[PDB]
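# Experimental coordinates for this protein are included below, preceded by the sequence.
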Amino acid sequence: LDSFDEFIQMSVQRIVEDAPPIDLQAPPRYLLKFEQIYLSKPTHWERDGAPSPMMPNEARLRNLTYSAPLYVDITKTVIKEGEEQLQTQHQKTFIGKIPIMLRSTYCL
Amino acid sequence: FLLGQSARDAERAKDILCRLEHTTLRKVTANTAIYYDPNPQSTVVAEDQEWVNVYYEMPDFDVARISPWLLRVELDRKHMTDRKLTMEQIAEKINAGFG
Amino acid sequence: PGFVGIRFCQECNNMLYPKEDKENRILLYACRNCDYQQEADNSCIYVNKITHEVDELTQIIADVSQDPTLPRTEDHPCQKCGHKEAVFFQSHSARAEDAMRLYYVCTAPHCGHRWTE
Amino acid sequence: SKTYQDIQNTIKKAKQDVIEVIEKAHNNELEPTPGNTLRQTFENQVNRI
Amino acid sequence: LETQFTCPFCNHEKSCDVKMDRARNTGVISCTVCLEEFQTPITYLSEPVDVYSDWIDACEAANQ
Amino acid sequence: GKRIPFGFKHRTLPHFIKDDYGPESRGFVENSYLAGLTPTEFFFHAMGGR
Amino acid sequence: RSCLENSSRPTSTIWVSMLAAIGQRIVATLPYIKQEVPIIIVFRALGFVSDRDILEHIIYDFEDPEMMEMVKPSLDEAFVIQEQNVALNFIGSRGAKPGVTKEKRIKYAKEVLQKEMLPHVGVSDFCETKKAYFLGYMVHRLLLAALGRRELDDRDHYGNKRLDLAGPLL
Amino acid sequence: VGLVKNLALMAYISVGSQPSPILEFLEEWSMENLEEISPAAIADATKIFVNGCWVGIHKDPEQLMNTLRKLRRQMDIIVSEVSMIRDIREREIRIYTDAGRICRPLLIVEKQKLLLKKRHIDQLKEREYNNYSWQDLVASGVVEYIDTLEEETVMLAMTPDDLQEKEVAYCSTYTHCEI
Ligand SMILES: [Zn+2]
Ligand SMILES: [Zn+2]
Ligand SMILES: [Zn+2]
């Protein structure tokens, strides 16, 4: 439990910050920065798309994966010349689902 | 297995044992040193002038052919006598090997 | 005879190599990086201690008296200071494999004295 | 109880004999038997006891 | 390590070979297509790639 | 084929003093199975059975 | 097995080894370099040029001639390289692509020595003193092992081991 | 056989901690940095390592180790899962804050007495009422987590009966006792 809690609380954020910002250029050029993770409680989305809280026994019975969605704040800055830059922050971009350890701090 | 009295007398069995077991000079050498000892008449090692002079105060070899570099090897009594080995034999083996 | 040391060039701190002054028949120590030369004080250039006879009392350090995992004795008092208690232990260096010889170190603070019986 | 007492006496004796051999090794009184390093003679003797 | 090199003059790949003349402490690199040759002092640590690097450096030194 | 090794520095276990070549230190179990082993005797007998 | 405190890269392993007149020569297996480098060349590439200054990182008490005799064959072997730029060139000639200019080979060697060799000691510029001391400690440990003054390490000893749990594994 | 293993009952595995509080304490406690020393200082000083980095040297390692232990036993700037090993013969102090070390709680012994006293048991016997916990027992400096690498330096009583006076004293300088 402690090892999983350290992974969610500290290690994911470090890995997201340690990755180099990515530059793109054709000239006009773009760079993106990943700055802050968020993890919800485990949730499942039905065939109609509505989120609801998935309990572990439902995951065992329906053969679901007990997991939570991970989000990251992304900043994009646009560069070309004259410092005519602008920044767009795409807050809470959904990045994927993380399997949750049962009875961990992030389990229901 | 041994023949004759060498099968009863432990000292003769040990003599054959020494005749079989490989002994190199390292097994019987305590230390070695290299010196700049340019005149055997006044050896830079002090402890051995008394014998060294006896070899050079006779004509069999010429100091004009002597290289000034000395190799000095110290042997130890226990390993020599455990093998009944003599320095005359060691010198004979050296001169057999290098001429 | 004891090992022969390294010695260093005064002008450039690289190590000096022995060479003879052929026309003068004296031993130099000479640099290979610069023209410095010196006369040798010891005529021994190489020593090989094949028996590897070395005194463990040089390798022992007094701080070992602080080790709580070492045995302590009152039967072998310190000659240098009369203190009753010493730690004792066997030789640690390898190749001296055979001897079970004990070495003692005084436990009195600032008496780093070490001996063998 | 007699058997247990004789067993305990034999063990106590063997432990004192090992202490004696250890003291002889520490004092360098223990002499190597032929063909064996002093460590191996000590081990042979303790295992014998 | 690689022991055959692209010629700096004629751009043919794997066209240069190194001869380590240890006894004279000199190394010769020669191109088989254009027969441009270069000689450099070599040490016992020196290897074909050090001779090639010396040749490329001498070429860039001549461009100055 | 040898007595219990010094897997700790000069020790079989941190319960013994260094350079203890004595019987208990090196794994002589002096108890019987009816008396039951002491904790160090137990662990050395597990080392043997392994 | 060097790993930076934050896992920005995987571990990189440095080996310093003593090879089996003939004498005991010490060499380094550095990462991204195709050939073992004499340790004294690695020290010169880190900018320690005189033999004394190098040995001051390897032999902390000079009144110990048995260690001096054991480093001496390596001071002999590297004596042909005496300046930092020649040492960085020597290292960069290896691993780098053969055709690149002198500046790129020097830069490649500096990049390996900063970022790939001993990253746990530092990946910054001006870390060369820290790196020289730790690489000197590695050679010193090797000398103590060769002289039998310190026991070889046990791969079974659980102090020398780590358990990767669910967190590190994920 | 032997390749698959199972944890002992009280075994804990370290989760990992950042070393910077310790480096900051050491620089405030007479450690000398490698960039500042002259090499001649190293022969009689102690090398200090933190997570394997040789960070400095120190000239009085006994008082440093006493201070470091006194910090760990107080839940101070050194967390309970930090290992601190002095090699007295090699003159090395090695400090570990990394993950994956296997460790276990031991009782502290001083002057051949347990630091655990009746007042602790009497507080633990009403744990459901007084909210006194194992964590309070560690915070009182009575229990210490010791790793395998630190056990090499520890002297363990198997029971408090080893602490008693005896007709021949096997050891008189125990540091810890098994629970
Ligand atoms: Zn010079
Ligand atoms: Zn004293
Ligand atoms: Zn060409």
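Cool, got the structure. Numbering: from 1, shown residues only, chains lettered A, B, ... in the order given. Ligands and ions are numbered 1, 2, ... in the order given.

# hmm, the lengthiest helix in chain D in reach of chain H?
Looking across chain D with DSSP state H, the single longest helix is helix D:2-26. No - Helix D:2-26 lies apart from chain H when judged by CB under 8 Å from any CB of the partner chain; the minimum separation is 10.4 Å. To be clear about C-beta, it is placed using only N, CA and C from the backbone, and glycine gets the same treatment.

# all helices of the chain, in order?
The chain I'm using is chain A. A:2-6, A:12-18, A:56-62.

# wrong chain, I was asking about chain H
So, for chain H - with DSSP H - the helices run H:20-27, H:61-72, H:118-124, H:127-130, H:134-139, H:148-151.

# May I see the buried residues of the longest one?
Across helix H:61-72, burial judged by 16 or more other CB atoms under 10 Å in any protein chain shown covers H:61, H:64-65, H:68-69, H:71-72.

# Then the first one?
If you call a residue buried by 16+ other CB under 10 Å, then helix H:20-27 has these buried ones: H:21-23, H:25-26.

# cool, and the fifth one?
With burial defined by 16+ other CB under 10 Å, the residues of helix H:134-139 counted as buried are H:137-138.

# so how far is it off the chain centroid?
15 Å (CA atoms, centre = their mean, to the nearest Å).

# That one packs against which elements?
helix H:118-124, strand H:143-147 (3 or more CB pairs under 8 Å, 6 or more residues apart in numbering or on different chains; DSSP states H and E).

# do the first one as well
For helix H:20-27, the packing partners by 3+ CB pairs under 8 Å, 6+ apart come out as strand H:46-50, strand H:53-58.

# what comes into contact with it?
Under the criterion CB atoms under 8 Å, 6 or more residues apart in numbering or on different chains, residues H:33, H:48, H:50, H:55-56, H:58, H:71, H:77-78, H:82, H:95, H:97 lie in contact with helix H:20-27.

# Could you identify the buried members of those residues?
Judged by 16+ other CB under 10 Å, buried ones among those: H:48, H:50, H:55-56, H:58, H:71, H:78, H:82, H:95, H:97.

# what residues does chain H put near chain G?
Residues of chain H lying near chain G (CB under 8 Å from any CB): H:13, H:15, H:18-19, H:34-35, H:39, H:42-43, H:47, H:51-54, H:90, H:98-102, H:147-149, H:152.

# does the longest helix of chain D come close to chain C?
Yes - shown here: helix D:2-26 in contact with chain C (CB under 8 Å from any CB) through D:25-26.

# Okay, helices next: where are they in chain G?
G:39-45, G:51-55, G:65-77, G:84-92, G:102-111, G:128-146, G:166-169.

# Same question for the fourth one: list its buried residues.
Think helix G:84-92. G:84, G:87-92.

# Would you mind naming what in chain F lies close to chain D?
F:2-3, F:21-23, F:30.

# Quick one: list the elements packing against the host helix or strand of residue B:32.
Using DSSP states H and E, residue B:32 maps to strand B:29-36. Contacts defined by 3+ CB pairs under 8 Å, 6+ apart place strand B:29-36 against strand B:69-75, strand C:44-48.

# most neighbours per residue, which of the ones you listed?
strand C:44-48 (a mean of 18; mean count of other CB atoms under 10 Å in any protein chain shown).

# what angle sits between that one and strand B:69-75?
30 degrees (axes from the mean of the first three to the mean of the last three CA atoms, to 10 degrees).

# Next, count neighbours for residue F:48.
10 (other CB atoms under 10 Å in any protein chain shown).

# Just give the closest residue to it, not the sequence neighbours.
Nearest residue to residue F:48, sequence neighbours excluded (CB to CB, 6 or more residues apart in numbering or on different chains): residue F:27, at 7.6 Å.

# that's a helix at that neighbour, yeah?
No - under DSSP: H, G, I helix; E, B strand; the rest coil, residue F:27 falls outside any helix and is assigned coil.

# What is the burial count for it?
Neighbours of residue F:27 (other CB under 10 Å): 19.

# And for the one 3 residues further on?
Neighbouring residues of residue F:30 were enumerated by other CB under 10 Å; the total is 16.

# I'd say it and residue F:23 touch.
Yes - between residue F:30 and residue F:23 there is a contact under CB atoms under 8 Å: 7.3 Å.

# hey, where'd the helices end up in chain C?
C:56-59.

# re the thing from before, need the residues touching each of residue F:30 and residue F:23.
residue D:15.

# what angle do the helix or strand hosting residue B:51 and strand B:69-75 make?
Per DSSP H and E: residue B:51 is located in helix B:49-56. Between the axes of helix B:49-56 and strand B:69-75, defined by the same axes, to 10 degrees, the angle is 120 degrees.

# Just the buried residues of helix B:49-56, please?
For helix B:49-56, using 16+ other CB under 10 Å, the buried residues are B:52, B:56.

# what is the most centrally placed residue in chain A paired to in the beta sheet?
Compute the mean C-alpha point of chain A, and by CA atoms, centre = their mean the closest residue is residue A:71, 2.5 Å away. When bridges are called by DSSP bridges, residue A:71 pairs up with residue A:38, residue A:94.

# Got phi/psi on the closest residue to residue G:156 other than its chain neighbours?
Of all residues not flanking residue G:156 in the chain, residue F:7 sits nearest, at 7.5 Å (CB to CB, 6+ apart). Per-residue torsions, residue F:7: phi -80, psi -30 (degrees, to the nearest 10).

# What is the nearest of the buried residues of helix G:84-92 to chain A?
residue G:92 (24.6 Å; CB to the nearest CB).

# Test my guess that the closest one contacts residue G:111.
No - the criterion here is CB under 8 Å, and residue G:92 misses it with residue G:111 at 9.2 Å.

# which residues does residue 2 contact?
Picking chain A for this. residue H:15.

# let's do chain G instead
G:11-14, G:117-121, H:52.

# and if you look at residue A:51?
A:43-45.

# swap the cut-off to 10 Å and go again
A:40, A:43-45, A:69 (CB atoms under 10 Å, 6 or more residues apart in numbering or on different chains).

# and if you look at residue F:20?
C:71, D:22, F:6, F:10-13, F:26, H:170-171.

# Generate a ChimeraX selection restricted to the buried subset of those.
In ChimeraX syntax, the buried subset of the contacts of residue F:20 is picked out as below (16+ other CB under 10 Å):
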select /C:71 /D:22 /F:6,10,11,12,13,26 /H:171
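
# That's all I had, so thanks and see you.
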